[PDB]
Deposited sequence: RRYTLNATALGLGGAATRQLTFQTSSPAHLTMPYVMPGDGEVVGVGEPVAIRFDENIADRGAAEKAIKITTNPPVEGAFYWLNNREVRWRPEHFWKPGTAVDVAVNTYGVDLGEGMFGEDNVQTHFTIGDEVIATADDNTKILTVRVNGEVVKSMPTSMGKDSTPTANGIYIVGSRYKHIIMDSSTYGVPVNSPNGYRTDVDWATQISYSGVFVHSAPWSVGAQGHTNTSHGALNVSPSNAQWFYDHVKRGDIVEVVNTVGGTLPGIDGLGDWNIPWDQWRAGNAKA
């Protein structure tokens, strides 16, 4: 066995996440992405060994043809150590593709951090280990561009970026379009939901939905969120007029019910 360690923040290479040594929130799934479509999912799954301490049952579910996820039924317990061994060098992955190499990661679970945005109150309340530490008035998506309900996993964080609607196939020039500079942006869905600084809606925050989907908070609440949250923490959205965040968004994993997840989709 030749093995490489994951980094954090013909043949197919696997890329595994989270990165070696990282500390992640309780909603962080193990993710393995290949750089080629995988014909034999059962075989990919087979080559991947996951060990947890304390041990917990878990299962694989694919989000697309090159990316598989693994998580338990419930959010991880703070302190859990997770080792992932992706033993795919030379494994037959279907239709004449094989694993280029083995990859490995070890990571741990940090504090339980769950922020719930309730559209009835327009408050985003942040809970650390079950205690309320922050209450943020928020302004979520307006009725015609609502914020989906559901469990979102915190992904990347950016001190400043531009959010551009054309990335999701909505032209900047159209009624729902935008090309917006924002501060203290914490990503929570691949479909473009962030918690981020919105000084332009402080009057509305706590009262009225005015965004395109994102969770607008005040500049200093956004900075606080950005400073205190990590990959894998949970934002839960409730009681909006929207639908439910898709299970296969990229950070929507926890919206798929356990039965459906467990049973998998390897064929």
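**Student:** Where are the gaps relative to the deposited sequence?
**Tutor:** Seq positions lacking coordinates: 1, 11 to 28, 287.
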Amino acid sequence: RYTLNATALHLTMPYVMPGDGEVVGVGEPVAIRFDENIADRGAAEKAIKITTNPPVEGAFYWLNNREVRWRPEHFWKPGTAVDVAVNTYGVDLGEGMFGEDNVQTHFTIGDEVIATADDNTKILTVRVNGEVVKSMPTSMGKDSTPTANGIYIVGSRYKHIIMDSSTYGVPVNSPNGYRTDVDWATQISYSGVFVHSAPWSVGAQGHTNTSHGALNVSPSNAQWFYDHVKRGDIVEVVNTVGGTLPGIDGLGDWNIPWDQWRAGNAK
From here on, numbers count along this sequence of modelled residues.
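**Student:** Averaging the C-alpha B factors as listed in the entry, name the stretch that ends up higher: 156 to 164 or 91 to 99.
**Tutor:** Between 156 to 164 and 91 to 99, it is 91 to 99.
**Student:** What stretch has the higher average Cα B-factor here, 232 to 240 or 48 to 56?
**Tutor:** For C-alpha atoms only, the mean B-factor is higher in 48 to 56.
**Student:** Among the choices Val30, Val202, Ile38, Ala222, identify the one whose CA B-factor in the record is greatest.
**Tutor:** It is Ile38.
**Student:** If you compare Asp83, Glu131, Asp118, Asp183, which has the highest Cα B-factor in the entry?
**Tutor:** By C-alpha B-factor in the record, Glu131 ranks first.
**Student:** Would the CA B-factor of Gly25 place it in the lowest, middle or highest third of its chain?
**Tutor:** Lowest third of the chain for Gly25's C-alpha B-factor.
**Student:** Where does the C-alpha B-factor of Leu245 rank in its chain, lowest, middle or highest third?
**Tutor:** It falls in the middle third of the chain.
**Student:** By its CA B factor, does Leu63 count among the lowest, middle or highest third of the modelled residues in the chain?
**Tutor:** It falls in the top third of the chain.
**Student:** Splitting the chain's C-alpha B-factors into thirds, which one does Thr125 fall into?
**Tutor:** Lowest third of the chain for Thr125's C-alpha B-factor.
**Student:** Taking the entry's C-alpha B-factors for this chain, is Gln104 in the lowest, middle or highest third?
**Tutor:** Highest third, going by the recorded CA B-factors of the chain.
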